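A.B. asks: Okay, so here is coords33.txt, and as you'll see once you scroll down, it has compact mmCIF, N, CA and C atoms.
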```txt
# COMPACT_ATOMS: atom_id res chain seq x y z
N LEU A 349 130.61 -226.79 -36.70
CA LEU A 349 130.09 -227.95 -35.98
C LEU A 349 128.72 -227.66 -35.40
N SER A 350 128.52 -226.44 -34.90
CA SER A 350 127.22 -226.07 -34.38
C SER A 350 126.15 -226.20 -35.46
N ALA A 351 126.45 -225.69 -36.66
CA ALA A 351 125.46 -225.76 -37.73
C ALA A 351 125.11 -227.20 -38.07
N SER A 352 126.11 -228.07 -38.13
CA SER A 352 125.84 -229.47 -38.47
C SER A 352 124.99 -230.16 -37.40
N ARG A 353 125.31 -229.96 -36.12
CA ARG A 353 124.50 -230.60 -35.09
C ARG A 353 123.08 -230.06 -35.09
N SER A 354 122.92 -228.77 -35.37
CA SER A 354 121.58 -228.21 -35.51
C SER A 354 120.80 -228.91 -36.62
N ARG A 355 121.44 -229.13 -37.76
CA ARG A 355 120.74 -229.81 -38.84
C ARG A 355 120.36 -231.23 -38.44
N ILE A 356 121.16 -231.86 -37.58
CA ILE A 356 120.83 -233.22 -37.15
C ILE A 356 119.62 -233.22 -36.21
N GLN A 357 119.62 -232.34 -35.22
CA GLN A 357 118.82 -232.55 -34.02
C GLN A 357 117.55 -231.71 -33.92
N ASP A 358 117.53 -230.49 -34.45
CA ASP A 358 116.49 -229.52 -34.14
C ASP A 358 115.18 -229.81 -34.88
N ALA A 359 114.12 -229.13 -34.43
CA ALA A 359 112.75 -229.40 -34.85
C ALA A 359 112.20 -228.22 -35.64
N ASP A 360 111.49 -228.52 -36.73
CA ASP A 360 110.77 -227.50 -37.48
C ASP A 360 109.51 -227.08 -36.72
N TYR A 361 108.83 -226.05 -37.22
CA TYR A 361 107.48 -225.75 -36.76
C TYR A 361 106.40 -225.85 -37.84
N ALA A 362 106.69 -225.54 -39.10
CA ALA A 362 105.63 -225.55 -40.10
C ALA A 362 104.97 -226.93 -40.19
N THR A 363 105.79 -227.98 -40.27
CA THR A 363 105.24 -229.32 -40.35
C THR A 363 104.50 -229.69 -39.07
N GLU A 364 105.02 -229.28 -37.92
CA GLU A 364 104.36 -229.62 -36.67
C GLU A 364 102.99 -228.96 -36.58
N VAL A 365 102.89 -227.70 -36.99
CA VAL A 365 101.61 -227.01 -36.94
C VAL A 365 100.61 -227.70 -37.85
N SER A 366 101.04 -228.05 -39.06
CA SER A 366 100.13 -228.76 -39.95
C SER A 366 99.67 -230.08 -39.34
N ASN A 367 100.60 -230.84 -38.75
CA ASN A 367 100.24 -232.12 -38.16
C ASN A 367 99.24 -231.93 -37.03
N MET A 368 99.45 -230.92 -36.19
CA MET A 368 98.55 -230.70 -35.06
C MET A 368 97.14 -230.40 -35.53
N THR A 369 97.00 -229.51 -36.51
CA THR A 369 95.66 -229.17 -36.99
C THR A 369 94.97 -230.40 -37.57
N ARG A 370 95.67 -231.10 -38.46
CA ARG A 370 95.09 -232.29 -39.08
C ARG A 370 94.69 -233.32 -38.03
N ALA A 371 95.51 -233.49 -36.99
CA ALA A 371 95.19 -234.47 -35.96
C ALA A 371 93.94 -234.07 -35.19
N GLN A 372 93.81 -232.79 -34.85
CA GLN A 372 92.66 -232.37 -34.05
C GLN A 372 91.35 -232.58 -34.80
N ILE A 373 91.34 -232.29 -36.10
CA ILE A 373 90.09 -232.40 -36.84
C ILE A 373 89.55 -233.82 -36.79
N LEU A 374 90.41 -234.81 -37.02
CA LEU A 374 89.98 -236.20 -36.99
C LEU A 374 89.44 -236.58 -35.62
N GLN A 375 90.06 -236.06 -34.57
CA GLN A 375 89.56 -236.33 -33.22
C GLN A 375 88.11 -235.90 -33.09
N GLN A 376 87.81 -234.67 -33.52
CA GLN A 376 86.43 -234.19 -33.40
C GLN A 376 85.47 -235.05 -34.21
N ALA A 377 85.81 -235.31 -35.48
CA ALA A 377 84.90 -236.07 -36.32
C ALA A 377 84.67 -237.47 -35.75
N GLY A 378 85.73 -238.08 -35.22
CA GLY A 378 85.59 -239.40 -34.65
C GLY A 378 84.66 -239.43 -33.46
N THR A 379 84.78 -238.44 -32.57
CA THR A 379 83.87 -238.44 -31.42
C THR A 379 82.42 -238.28 -31.86
N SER A 380 82.16 -237.39 -32.82
CA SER A 380 80.79 -237.21 -33.27
C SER A 380 80.22 -238.49 -33.88
N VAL A 381 80.99 -239.16 -34.73
CA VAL A 381 80.47 -240.38 -35.34
C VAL A 381 80.34 -241.48 -34.29
N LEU A 382 81.17 -241.47 -33.25
CA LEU A 382 81.03 -242.48 -32.20
C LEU A 382 79.71 -242.32 -31.47
N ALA A 383 79.33 -241.09 -31.17
CA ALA A 383 78.00 -240.88 -30.61
C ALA A 383 76.93 -241.38 -31.58
N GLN A 384 77.10 -241.07 -32.87
CA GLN A 384 76.11 -241.47 -33.87
C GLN A 384 76.00 -242.98 -33.97
N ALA A 385 77.08 -243.69 -33.66
CA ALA A 385 77.05 -245.15 -33.75
C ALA A 385 76.46 -245.77 -32.50
N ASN A 386 76.80 -245.24 -31.33
CA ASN A 386 76.21 -245.76 -30.10
C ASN A 386 74.70 -245.56 -30.08
N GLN A 387 74.22 -244.48 -30.68
CA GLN A 387 72.78 -244.23 -30.72
C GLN A 387 72.03 -245.19 -31.63
N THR A 388 72.74 -246.02 -32.41
CA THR A 388 72.11 -246.75 -33.50
C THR A 388 71.05 -247.74 -33.04
N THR A 389 71.34 -248.51 -31.99
CA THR A 389 70.49 -249.65 -31.66
C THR A 389 69.14 -249.25 -31.06
N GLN A 390 68.87 -247.96 -30.92
CA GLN A 390 67.58 -247.52 -30.40
C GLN A 390 66.43 -247.98 -31.28
N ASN A 391 66.70 -248.22 -32.56
CA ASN A 391 65.62 -248.55 -33.48
C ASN A 391 64.90 -249.83 -33.07
N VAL A 392 65.62 -250.78 -32.49
CA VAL A 392 65.08 -252.12 -32.31
C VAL A 392 63.90 -252.11 -31.34
N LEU A 393 63.86 -251.13 -30.44
CA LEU A 393 62.83 -251.15 -29.41
C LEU A 393 61.45 -250.89 -30.00
N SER A 394 61.38 -250.12 -31.08
CA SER A 394 60.08 -249.81 -31.68
C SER A 394 59.42 -251.04 -32.26
N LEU A 395 60.17 -252.14 -32.41
CA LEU A 395 59.60 -253.36 -32.95
C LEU A 395 58.52 -253.92 -32.04
N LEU A 396 58.74 -253.89 -30.73
CA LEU A 396 57.79 -254.45 -29.79
C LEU A 396 57.29 -253.38 -28.83
N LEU B 349 173.47 -192.21 -40.60
CA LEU B 349 172.97 -193.37 -39.87
C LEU B 349 171.58 -193.11 -39.31
N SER B 350 171.34 -191.89 -38.84
CA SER B 350 170.03 -191.57 -38.29
C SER B 350 168.96 -191.66 -39.36
N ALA B 351 169.24 -191.14 -40.56
CA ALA B 351 168.26 -191.26 -41.64
C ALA B 351 168.00 -192.71 -42.00
N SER B 352 169.06 -193.51 -42.07
CA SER B 352 168.89 -194.91 -42.46
C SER B 352 168.10 -195.69 -41.42
N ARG B 353 168.28 -195.39 -40.13
CA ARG B 353 167.44 -196.03 -39.13
C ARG B 353 166.01 -195.54 -39.22
N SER B 354 165.83 -194.25 -39.50
CA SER B 354 164.48 -193.70 -39.59
C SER B 354 163.66 -194.42 -40.65
N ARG B 355 164.29 -194.79 -41.76
CA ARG B 355 163.52 -195.43 -42.82
C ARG B 355 162.96 -196.78 -42.39
N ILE B 356 163.52 -197.39 -41.35
CA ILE B 356 163.18 -198.77 -41.05
C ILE B 356 161.95 -198.87 -40.15
N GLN B 357 161.87 -198.03 -39.12
CA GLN B 357 160.94 -198.28 -38.04
C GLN B 357 159.86 -197.22 -37.82
N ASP B 358 159.87 -196.11 -38.55
CA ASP B 358 158.91 -195.05 -38.25
C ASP B 358 157.61 -195.22 -39.02
N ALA B 359 156.56 -194.57 -38.52
CA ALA B 359 155.22 -194.72 -39.07
C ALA B 359 155.00 -193.79 -40.25
N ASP B 360 153.76 -193.74 -40.74
CA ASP B 360 153.49 -193.03 -41.98
C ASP B 360 152.56 -191.84 -41.77
N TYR B 361 151.54 -191.99 -40.91
CA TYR B 361 150.58 -190.92 -40.64
C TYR B 361 149.79 -190.47 -41.85
N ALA B 362 149.97 -191.11 -42.99
CA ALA B 362 149.03 -190.93 -44.08
C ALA B 362 148.29 -192.22 -44.40
N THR B 363 148.97 -193.36 -44.26
CA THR B 363 148.30 -194.64 -44.39
C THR B 363 147.44 -194.93 -43.17
N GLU B 364 147.94 -194.61 -41.98
CA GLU B 364 147.27 -195.03 -40.76
C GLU B 364 145.93 -194.34 -40.60
N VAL B 365 145.84 -193.06 -40.96
CA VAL B 365 144.57 -192.35 -40.85
C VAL B 365 143.52 -193.02 -41.73
N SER B 366 143.90 -193.40 -42.94
CA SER B 366 142.97 -194.08 -43.83
C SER B 366 142.57 -195.44 -43.28
N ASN B 367 143.53 -196.20 -42.75
CA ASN B 367 143.17 -197.51 -42.21
C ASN B 367 142.19 -197.38 -41.06
N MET B 368 142.44 -196.42 -40.17
CA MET B 368 141.53 -196.17 -39.06
C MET B 368 140.14 -195.82 -39.56
N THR B 369 140.05 -194.95 -40.56
CA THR B 369 138.74 -194.50 -41.03
C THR B 369 137.99 -195.61 -41.76
N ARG B 370 138.71 -196.53 -42.39
CA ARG B 370 138.06 -197.68 -43.00
C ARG B 370 137.55 -198.65 -41.95
N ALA B 371 138.40 -198.97 -40.97
CA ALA B 371 138.02 -199.94 -39.96
C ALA B 371 136.84 -199.44 -39.14
N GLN B 372 136.80 -198.14 -38.86
CA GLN B 372 135.69 -197.61 -38.07
C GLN B 372 134.36 -197.83 -38.77
N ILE B 373 134.30 -197.51 -40.06
CA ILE B 373 133.05 -197.66 -40.79
C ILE B 373 132.64 -199.12 -40.86
N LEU B 374 133.59 -200.02 -41.12
CA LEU B 374 133.17 -201.41 -41.27
C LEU B 374 132.72 -201.98 -39.93
N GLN B 375 133.43 -201.62 -38.86
CA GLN B 375 133.04 -201.99 -37.51
C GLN B 375 131.64 -201.48 -37.18
N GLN B 376 131.31 -200.28 -37.66
CA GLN B 376 130.01 -199.70 -37.36
C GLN B 376 128.90 -200.35 -38.17
N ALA B 377 129.20 -200.76 -39.40
CA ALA B 377 128.17 -201.38 -40.23
C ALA B 377 127.93 -202.82 -39.84
N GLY B 378 128.87 -203.45 -39.13
CA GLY B 378 128.64 -204.82 -38.70
C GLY B 378 127.46 -204.95 -37.74
N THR B 379 127.33 -204.02 -36.80
CA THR B 379 126.39 -204.21 -35.70
C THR B 379 124.95 -204.08 -36.16
N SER B 380 124.67 -203.20 -37.12
CA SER B 380 123.31 -203.07 -37.61
C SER B 380 122.84 -204.38 -38.24
N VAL B 381 123.70 -205.01 -39.04
CA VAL B 381 123.36 -206.30 -39.62
C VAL B 381 123.20 -207.35 -38.53
N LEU B 382 124.03 -207.28 -37.49
CA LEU B 382 123.84 -208.21 -36.38
C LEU B 382 122.45 -208.05 -35.78
N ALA B 383 122.01 -206.81 -35.60
CA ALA B 383 120.68 -206.57 -35.06
C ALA B 383 119.61 -207.12 -35.99
N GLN B 384 119.80 -206.97 -37.30
CA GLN B 384 118.85 -207.51 -38.26
C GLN B 384 118.75 -209.02 -38.14
N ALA B 385 119.88 -209.68 -37.93
CA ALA B 385 119.92 -211.14 -37.99
C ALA B 385 119.07 -211.78 -36.90
N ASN B 386 119.04 -211.18 -35.71
CA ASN B 386 118.33 -211.79 -34.59
C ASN B 386 116.83 -211.79 -34.80
N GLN B 387 116.31 -210.80 -35.52
CA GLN B 387 114.86 -210.64 -35.62
C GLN B 387 114.21 -211.74 -36.44
N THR B 388 114.96 -212.40 -37.31
CA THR B 388 114.36 -213.34 -38.25
C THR B 388 113.76 -214.55 -37.56
N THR B 389 114.06 -214.75 -36.28
CA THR B 389 113.39 -215.80 -35.52
C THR B 389 111.92 -215.49 -35.32
N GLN B 390 111.58 -214.21 -35.16
CA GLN B 390 110.26 -213.84 -34.68
C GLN B 390 109.17 -214.15 -35.69
N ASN B 391 109.54 -214.51 -36.91
CA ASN B 391 108.54 -214.89 -37.89
C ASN B 391 107.71 -216.07 -37.40
N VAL B 392 108.37 -217.10 -36.86
CA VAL B 392 107.69 -218.35 -36.54
C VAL B 392 106.61 -218.12 -35.49
N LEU B 393 106.84 -217.19 -34.58
CA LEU B 393 105.91 -216.98 -33.49
C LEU B 393 104.52 -216.64 -34.00
N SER B 394 104.43 -216.07 -35.20
CA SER B 394 103.13 -215.70 -35.75
C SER B 394 102.32 -216.92 -36.15
N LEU B 395 102.98 -218.04 -36.45
CA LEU B 395 102.27 -219.21 -36.94
C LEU B 395 101.27 -219.72 -35.92
N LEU B 396 101.56 -219.54 -34.64
CA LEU B 396 100.75 -220.07 -33.56
C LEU B 396 99.44 -219.31 -33.41
```
Just give me the structure of the file as structure tokens.

C.D. replies:
Amino acid sequence: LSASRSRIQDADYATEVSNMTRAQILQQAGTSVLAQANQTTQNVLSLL
Amino acid sequence: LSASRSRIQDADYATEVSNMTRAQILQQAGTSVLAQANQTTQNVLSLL
């Protein structure tokens, strides 16, 4: 019974580690591109 | 009558020594494998 409940309830680590790494990378890239996008409208001032 | 009762309830002292010597070895070999079994958890810790 212990083995069966373990198979139901417990958590792996290999998949969790992969998920964590993949999640962090997107966070970094998103923040960098967000800065790059907020900086965009500076161009308009050179018009006048 | 004494011989006939003797055949029923007395020990052997040739079988018992062998049984003891077998049980001791198997009892002793169990614990080393038990020690081996616990260590296999420590693999995951390296992933971090």

A.B. asks: Any chance you could fit chain A onto chain B with least squares, all Cα atoms in order, and share the moved copy as an mmCIF file with N, CA and C atoms, in the coordinates of the input?

C.D. replies:
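Everything below was put into selection.cif:
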```cif
data_model
loop_
_atom_site.group_PDB
_atom_site.id
_atom_site.type_symbol
_atom_site.label_atom_id
_atom_site.label_comp_id
_atom_site.auth_asym_id
_atom_site.auth_seq_id
_atom_site.Cartn_x
_atom_site.Cartn_y
_atom_site.Cartn_z
ATOM 1 N N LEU A 349 173.382 -192.155 -40.670
ATOM 2 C CA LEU A 349 172.869 -193.326 -39.963
ATOM 3 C C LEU A 349 171.496 -193.052 -39.382
ATOM 4 N N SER A 350 171.287 -191.839 -38.869
ATOM 5 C CA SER A 350 169.984 -191.484 -38.347
ATOM 6 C C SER A 350 168.916 -191.609 -39.429
ATOM 7 N N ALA A 351 169.214 -191.085 -40.624
ATOM 8 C CA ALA A 351 168.226 -191.150 -41.696
ATOM 9 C C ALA A 351 167.886 -192.589 -42.051
ATOM 10 N N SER A 352 168.892 -193.451 -42.119
ATOM 11 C CA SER A 352 168.632 -194.849 -42.475
ATOM 12 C C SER A 352 167.786 -195.556 -41.413
ATOM 13 N N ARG A 353 168.103 -195.368 -40.131
ATOM 14 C CA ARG A 353 167.296 -196.024 -39.109
ATOM 15 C C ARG A 353 165.873 -195.494 -39.105
ATOM 16 N N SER A 354 165.704 -194.203 -39.371
ATOM 17 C CA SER A 354 164.360 -193.650 -39.507
ATOM 18 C C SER A 354 163.587 -194.344 -40.625
ATOM 19 N N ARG A 355 164.229 -194.547 -41.767
ATOM 20 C CA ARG A 355 163.535 -195.220 -42.855
ATOM 21 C C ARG A 355 163.165 -196.647 -42.470
ATOM 22 N N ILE A 356 163.968 -197.281 -41.616
ATOM 23 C CA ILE A 356 163.647 -198.648 -41.201
ATOM 24 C C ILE A 356 162.436 -198.666 -40.263
ATOM 25 N N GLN A 357 162.429 -197.797 -39.263
ATOM 26 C CA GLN A 357 161.629 -198.025 -38.067
ATOM 27 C C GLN A 357 160.353 -197.195 -37.959
ATOM 28 N N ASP A 358 160.325 -195.970 -38.476
ATOM 29 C CA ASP A 358 159.278 -195.010 -38.157
ATOM 30 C C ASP A 358 157.971 -195.301 -38.902
ATOM 31 N N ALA A 359 156.906 -194.634 -38.446
ATOM 32 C CA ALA A 359 155.538 -194.909 -38.870
ATOM 33 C C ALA A 359 154.981 -193.724 -39.648
ATOM 34 N N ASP A 360 154.274 -194.017 -40.743
ATOM 35 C CA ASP A 360 153.548 -192.994 -41.482
ATOM 36 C C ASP A 360 152.284 -192.591 -40.720
ATOM 37 N N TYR A 361 151.598 -191.561 -41.209
ATOM 38 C CA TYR A 361 150.245 -191.275 -40.748
ATOM 39 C C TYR A 361 149.167 -191.371 -41.830
ATOM 40 N N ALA A 362 149.456 -191.045 -43.087
ATOM 41 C CA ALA A 362 148.398 -191.052 -44.088
ATOM 42 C C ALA A 362 147.747 -192.436 -44.193
ATOM 43 N N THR A 363 148.575 -193.479 -44.284
ATOM 44 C CA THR A 363 148.034 -194.822 -44.379
ATOM 45 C C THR A 363 147.295 -195.211 -43.104
ATOM 46 N N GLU A 364 147.811 -194.809 -41.949
ATOM 47 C CA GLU A 364 147.152 -195.167 -40.703
ATOM 48 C C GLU A 364 145.777 -194.518 -40.608
ATOM 49 N N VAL A 365 145.669 -193.254 -41.004
ATOM 50 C CA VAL A 365 144.384 -192.574 -40.949
ATOM 51 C C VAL A 365 143.390 -193.261 -41.867
ATOM 52 N N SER A 366 143.824 -193.595 -43.080
ATOM 53 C CA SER A 366 142.920 -194.302 -43.979
ATOM 54 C C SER A 366 142.468 -195.631 -43.384
ATOM 55 N N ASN A 367 143.403 -196.391 -42.801
ATOM 56 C CA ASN A 367 143.051 -197.680 -42.225
ATOM 57 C C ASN A 367 142.049 -197.509 -41.094
ATOM 58 N N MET A 368 142.251 -196.506 -40.243
ATOM 59 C CA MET A 368 141.348 -196.305 -39.112
ATOM 60 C C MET A 368 139.936 -196.009 -39.581
ATOM 61 N N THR A 369 139.791 -195.110 -40.551
ATOM 62 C CA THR A 369 138.449 -194.774 -41.029
ATOM 63 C C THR A 369 137.769 -196.003 -41.623
ATOM 64 N N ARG A 370 138.475 -196.688 -42.520
ATOM 65 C CA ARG A 370 137.904 -197.876 -43.153
ATOM 66 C C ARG A 370 137.509 -198.919 -42.115
ATOM 67 N N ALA A 371 138.329 -199.095 -41.076
ATOM 68 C CA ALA A 371 138.015 -200.088 -40.057
ATOM 69 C C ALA A 371 136.761 -199.705 -39.284
ATOM 70 N N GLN A 372 136.622 -198.430 -38.930
ATOM 71 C CA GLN A 372 135.468 -198.026 -38.127
ATOM 72 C C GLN A 372 134.161 -198.237 -38.881
ATOM 73 N N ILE A 373 134.150 -197.933 -40.178
ATOM 74 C CA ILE A 373 132.902 -198.044 -40.921
ATOM 75 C C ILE A 373 132.372 -199.468 -40.887
ATOM 76 N N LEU A 374 133.239 -200.450 -41.126
ATOM 77 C CA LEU A 374 132.818 -201.843 -41.111
ATOM 78 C C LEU A 374 132.279 -202.241 -39.746
ATOM 79 N N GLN A 375 132.895 -201.728 -38.690
ATOM 80 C CA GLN A 375 132.395 -202.016 -37.344
ATOM 81 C C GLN A 375 130.942 -201.598 -37.211
ATOM 82 N N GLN A 376 130.634 -200.365 -37.628
ATOM 83 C CA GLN A 376 129.250 -199.896 -37.505
ATOM 84 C C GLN A 376 128.297 -200.754 -38.325
ATOM 85 N N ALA A 377 128.641 -200.998 -39.597
ATOM 86 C CA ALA A 377 127.737 -201.755 -40.446
ATOM 87 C C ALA A 377 127.516 -203.163 -39.892
ATOM 88 N N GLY A 378 128.579 -203.771 -39.367
ATOM 89 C CA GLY A 378 128.448 -205.098 -38.811
ATOM 90 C C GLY A 378 127.517 -205.147 -37.623
ATOM 91 N N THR A 379 127.629 -204.166 -36.722
ATOM 92 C CA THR A 379 126.718 -204.185 -35.573
ATOM 93 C C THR A 379 125.267 -204.030 -36.013
ATOM 94 N N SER A 380 125.002 -203.132 -36.964
ATOM 95 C CA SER A 380 123.631 -202.956 -37.414
ATOM 96 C C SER A 380 123.071 -204.234 -38.038
ATOM 97 N N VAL A 381 123.846 -204.889 -38.894
ATOM 98 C CA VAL A 381 123.336 -206.106 -39.518
ATOM 99 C C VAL A 381 123.212 -207.218 -38.480
ATOM 100 N N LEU A 382 124.041 -207.214 -37.439
ATOM 101 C CA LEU A 382 123.907 -208.236 -36.400
ATOM 102 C C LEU A 382 122.585 -208.093 -35.670
ATOM 103 N N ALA A 383 122.196 -206.869 -35.357
ATOM 104 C CA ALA A 383 120.864 -206.674 -34.797
ATOM 105 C C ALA A 383 119.798 -207.171 -35.773
ATOM 106 N N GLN A 384 119.968 -206.846 -37.060
ATOM 107 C CA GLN A 384 118.982 -207.242 -38.065
ATOM 108 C C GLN A 384 118.882 -208.752 -38.182
ATOM 109 N N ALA A 385 119.967 -209.457 -37.878
ATOM 110 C CA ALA A 385 119.947 -210.917 -37.983
ATOM 111 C C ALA A 385 119.360 -211.554 -36.741
ATOM 112 N N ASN A 386 119.695 -211.034 -35.565
ATOM 113 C CA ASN A 386 119.107 -211.571 -34.341
ATOM 114 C C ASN A 386 117.596 -211.382 -34.321
ATOM 115 N N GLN A 387 117.109 -210.299 -34.910
ATOM 116 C CA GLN A 387 115.667 -210.059 -34.949
ATOM 117 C C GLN A 387 114.925 -211.014 -35.870
ATOM 118 N N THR A 388 115.642 -211.831 -36.658
ATOM 119 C CA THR A 388 115.018 -212.553 -37.757
ATOM 120 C C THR A 388 113.964 -213.556 -37.309
ATOM 121 N N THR A 389 114.258 -214.335 -36.267
ATOM 122 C CA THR A 389 113.416 -215.484 -35.950
ATOM 123 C C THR A 389 112.063 -215.100 -35.347
ATOM 124 N N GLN A 390 111.783 -213.813 -35.194
ATOM 125 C CA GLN A 390 110.490 -213.388 -34.671
ATOM 126 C C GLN A 390 109.344 -213.846 -35.557
ATOM 127 N N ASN A 391 109.617 -214.071 -36.839
ATOM 128 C CA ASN A 391 108.541 -214.398 -37.764
ATOM 129 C C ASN A 391 107.829 -215.688 -37.369
ATOM 130 N N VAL A 392 108.555 -216.639 -36.798
ATOM 131 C CA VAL A 392 108.024 -217.984 -36.633
ATOM 132 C C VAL A 392 106.843 -217.993 -35.664
ATOM 133 N N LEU A 393 106.795 -217.023 -34.754
ATOM 134 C CA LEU A 393 105.764 -217.061 -33.726
ATOM 135 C C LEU A 393 104.383 -216.804 -34.314
ATOM 136 N N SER A 394 104.309 -216.023 -35.386
ATOM 137 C CA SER A 394 103.007 -215.716 -35.985
ATOM 138 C C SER A 394 102.357 -216.944 -36.578
ATOM 139 N N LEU A 395 103.114 -218.037 -36.739
ATOM 140 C CA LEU A 395 102.554 -219.255 -37.293
ATOM 141 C C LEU A 395 101.476 -219.833 -36.390
ATOM 142 N N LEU A 396 101.695 -219.815 -35.080
ATOM 143 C CA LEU A 396 100.747 -220.392 -34.147
ATOM 144 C C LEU A 396 100.239 -219.335 -33.176
#
```

A.B. asks: Which residues of chain B are close to chain A, meaning at most 8 Å apart when you count all atoms listed in the file, and how do they look as a PyMOL selection string?

C.D. replies: chain B and resi 392+395-396

A.B. asks: Expressed in Å to a single decimal, how great is the separation between atom CA of residue B:389 and atom C of residue A:357?

C.D. replies: 16.5 Å

A.B. asks: Can you check which residues of chain B DSSP gives as helix (DSSP H, G or I) on the backbone and send them as an MDAnalysis selection string?

C.D. replies: chainID B and resid 350:357 363:387 390:393

A.B. asks: Just how far from atom CA of residue A:371 is atom CA of residue A:359, in Å to one decimal?

C.D. replies: 18.3 Å
